[PDB]
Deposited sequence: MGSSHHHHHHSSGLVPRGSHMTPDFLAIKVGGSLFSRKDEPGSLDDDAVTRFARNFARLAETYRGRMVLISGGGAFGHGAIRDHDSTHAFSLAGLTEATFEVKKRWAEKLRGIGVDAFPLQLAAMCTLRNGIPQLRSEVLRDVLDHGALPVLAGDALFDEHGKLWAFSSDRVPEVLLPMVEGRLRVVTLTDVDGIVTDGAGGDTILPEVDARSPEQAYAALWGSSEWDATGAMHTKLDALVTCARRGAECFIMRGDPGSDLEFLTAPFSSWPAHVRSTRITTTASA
């Protein structure tokens, strides 16, 4: 409804943290979950969750489950994808279950029950997300199989979940996507800043996976964050490490500790 001050000096009002599947699950290993990694990440997320109570969502990568359930679905019945919803709910559960164990009010929410696709733009269609946050709880979210306006299912990566927050979050949204690289690498060298109004050089730098990636690797990652940033968010691609202290993610970007490697995406 109003003028929002934004800048490297300002403190974010909302944290959307997305953790890559690959950081806790081996894609090509059915059912796999590094519990040690989950435990230790969960412990760092929980400290953030207490600071940002009702002002945070944790978004989980699909790992073996999500990439698995897309791999296997028959392409000739769009509806076989429905397995993906059951698959990514499994990962939300693991996080919530773990986070509650160390005192976080973590509640898993099924995105497919809350959000549809309407001309390719994901539409929040449930008031429950806003309510859970208002209650001071921590929504644990993930990618999903989403219905479009014609009833066809589409695989929707956890990377794009933050886009769903855009029309909902008042004030400063920060999106941090924890990944298995330090940021977008160009040339042996990571790009520190990307202007979301002209991300040309960032898109120019991406390479193709070894064919193993159902949700578009870095390209979908950049699409999502470029989309959020054009809508005001401060967005980051950085390496997730299960033991890494993340308290600085509550801090103005100006006052971030030394030698943190990231790619930041903003609409100057």
Gaps in the model (deposited sequence, numbered from 1):
1-11, 199-202, 284-286
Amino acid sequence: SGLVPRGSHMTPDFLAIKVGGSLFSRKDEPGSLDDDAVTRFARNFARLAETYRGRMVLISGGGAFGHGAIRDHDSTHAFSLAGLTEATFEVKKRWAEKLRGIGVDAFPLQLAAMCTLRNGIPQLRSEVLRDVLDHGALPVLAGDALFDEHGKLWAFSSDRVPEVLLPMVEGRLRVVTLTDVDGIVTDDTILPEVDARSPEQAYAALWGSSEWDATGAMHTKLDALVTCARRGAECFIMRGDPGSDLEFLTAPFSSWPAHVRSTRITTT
From here on, numbers count along this sequence of modelled residues.
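Under this definition, the rigid core comprises the largest set of C-alpha atoms superposing within 1.5 Å between the forms.
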Rigid core superposed, root mean square over structures and residues, which stretch has C-alphas farther from this form in 6 other deposited structures of this protein, 136-144 or 119-127?
119-127
231-239 versus 22-30: which one's CA atoms end up farther from this form in 6 other deposited structures of this protein after a core fit?
22-30
Establish whether the other compared PDB entries of this protein leave residue 182 unmodelled at least a third of the time.
no
At least a third of the other compared entries: do they leave residue 69 without coordinates?
yes
If you average the CA temperature factors as listed in the entry, which stretch comes out higher, 34-42 or 208-216?
208-216
Looking at the C-alpha B-factor of residue 240, is it in the lowest, middle or highest third of its chain?
highest
Looking at the temperature factor on the CA atom of residue 232, which third of the chain's modelled residues does it land in?
lowest
State the tercile, meaning the lowest, middle or highest third, of residue 255 with respect to the CA B-factors recorded for its chain.
highest
Compared with the other modelled residues in the chain, in which third is the CA B-factor of residue 104?
lowest
By the entry's values, the third containing the CA B factor of residue 152 is the lowest
